[PDB]
Each structure stands twice: as C-alpha cells, then as structure tokens.
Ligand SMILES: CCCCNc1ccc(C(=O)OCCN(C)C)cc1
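First comes one chain, alone, set out as structure tokens in the form deposited without the ligand.
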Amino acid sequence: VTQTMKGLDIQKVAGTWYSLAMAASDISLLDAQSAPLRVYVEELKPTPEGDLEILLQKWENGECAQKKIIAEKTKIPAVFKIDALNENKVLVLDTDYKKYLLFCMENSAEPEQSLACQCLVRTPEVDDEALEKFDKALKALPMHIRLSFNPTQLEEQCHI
C-alpha cells in the first residue's frame, strides 16, 4: 500500500525538525499525550553509513522523556529498520529537504493496526503546502485520527 520516496538523499535531512501533524490508523495510538505513538521529532541525525538517528520526545513516567532511535538502512531505499515504539519500520514518503518531510512508522506483523505518519517541518510555523502534501499521501491510507499543531504548541511540543 505504502509508496516510498525514490532517490532519497538521507544526508540532506539532517538538522532540527518539528512535528506539525500526525495521523494513525488506530485512535488509541495517538489520542492523549501519553499514547504509544504520540512522538515529537526534534532532530534527524543521519550517519555516514546511511543510517538515521531520530531524536524525539515522548511522555513517560509522568513527564516528557528524550529518546534516541537508530533507524538501520535496509536493502530497500527510504525504508529503515527500527526496534522501538512497538514498530519495526520507518518509511520516508517524501521531502524537499529544506521545508518539509513526510514519514510513516509501522509494524510489519500488523501494519493496519500500527501505522502512524507525520509531517515534519524545519521551522515552528504552519506550512499549508506541507499539510497539503501530507493529506494527499494519507488519502490511500486507512487513518482514523489526525492531529495538527499550531506555532505555540510547536515550540516545546511535549510538555507537562
């Protein structure tokens, strides 16, 4: 179902990011700040080997904890293997490198109950064009919850 980006240069996604919008196939995955896949991406750090370190924050033990996820390169381009969040795959759908990035996470064992997708942006501002790209990519996908954040929320993102 999912169509991944072709000709992705992973080195060009490095730097600071913000989670502008999130979507998921199951409401329980994103509803409430303490939900399993409610994650806020803060930085993408690609490696020389072609892997992707994802820095993000997540609600745990009563507060916003900082997590580092190592996404390993696989034989399929724009698809990375992870062992976190009960997910095993990160899929980069699209990016223009300097404004927005669209990606999804899933578990290959049950991809319909585990699919979460995000729209990332470089600056803590609403990019209507990025949201349009996000919505278009989501049309084919069976999403039952969609969240969209404003500039004020994008500053600290996760907060007690």
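In this text, residue numbers run from 1 along the sequence as written. Each form is matched to the other, and the largest set of C-alpha atoms that superpose within 1.5 Å is called the rigid core. Only residues modelled in both forms are compared.
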Unresolved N88 in a third or more of other entries flanked by modelled residues
no
In a third or more of the other entries compared, is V39 missing its coordinates?
no
Higher-scoring stretch by recorded Cα B factor average, 22-30 or 60-68:
60-68
Per the deposited entry, the peak Cα B-factor within the set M105, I54, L120, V126 goes to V126
Would the CA B-factor of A78 place it in the lowest, middle or highest third of its chain?
middle
Going by the entry, which third of its chain does the Cα temperature factor of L93 land in?
middle
Once the chain's modelled residues are ordered by C-alpha B factor and cut into thirds, is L37 in the lowest, middle or highest one?
lowest
Select lowest, middle or highest to describe the third in which the CA B-factor of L141 falls within its chain in this entry.
highest
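This next part talks about the form deposited with the ligand bound, which is not shown.
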At 4.5 Å between heavy atoms, is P124 in contact with the ligand in the entry with it bound?
no
Quick one: does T74 come within 4.5 Å of the ligand in the entry with it bound, counting heavy atoms only?
no
Within 4.5 Å of the ligand in the entry with it bound, which residues of 74-92 have a heavy atom? Give them in sequence order, or say none.
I82, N88, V90, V92
Superposed on the rigid core, does the Cα of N86 end up 2 angstroms or more away between the shown form and the other one?
yes
Fitting the two forms on their core, which runs of three or more residues have every Cα moved by 2 Å or more between the shown form and the other one?
83-87
